[PDB]
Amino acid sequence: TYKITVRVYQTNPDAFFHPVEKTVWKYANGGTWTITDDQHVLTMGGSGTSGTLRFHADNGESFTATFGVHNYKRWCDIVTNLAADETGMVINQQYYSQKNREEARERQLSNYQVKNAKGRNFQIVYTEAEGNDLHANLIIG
């Protein structure tokens, strides 16, 4: 089993994001998104799968944060500027079919940040980046 426990930090009162979708990819016997003490917990059956959280703000901004384990190490990626047909389940699957997404996954990043077209920054940092009980902060700018 691998577990990724995500704490969401919102740093910027000019918006408020909330989770609108939580998906689990089918490899490695799948897994679950649960909630413990306000943290999003992705539990997976082994290495090689992942799960996507999609967040939406009132003003129409949105992003996906995806977390998983590739070759026994954590990975993460953020996709923003989402098209109206890019739901979380679309994004999640693309990590196993679309080359640019596959490559992002295979980099096994413990830390990644990117901005949307409005200039808002989004960041994932694993504070526990080793072993089977992984912990990450999702930091919204």
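Position 1 is the first residue in the sequence shown; the rest follow in order.
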*Decide which of the stretches 126 to 134 and 113 to 121 has the higher mean C-alpha B-factor, going by the entry.*
113 to 121
*Mean Cα B-factor comparison, 100 to 108 or 29 to 37, giving the higher one as deposited*: 29 to 37
*Could you say which of 59, 43, 50, 87 has its CA atom at the highest B factor, as listed in the PDB entry?*
59
_Can you tell me whether residue 81 has a C-alpha B-factor in the lowest, middle or highest third compared with the other modelled residues of the same chain?_
highest
*When the modelled residues of the chain are sorted by Cα temperature factor, does residue 20 land in the lowest, middle or highest third?*
middle
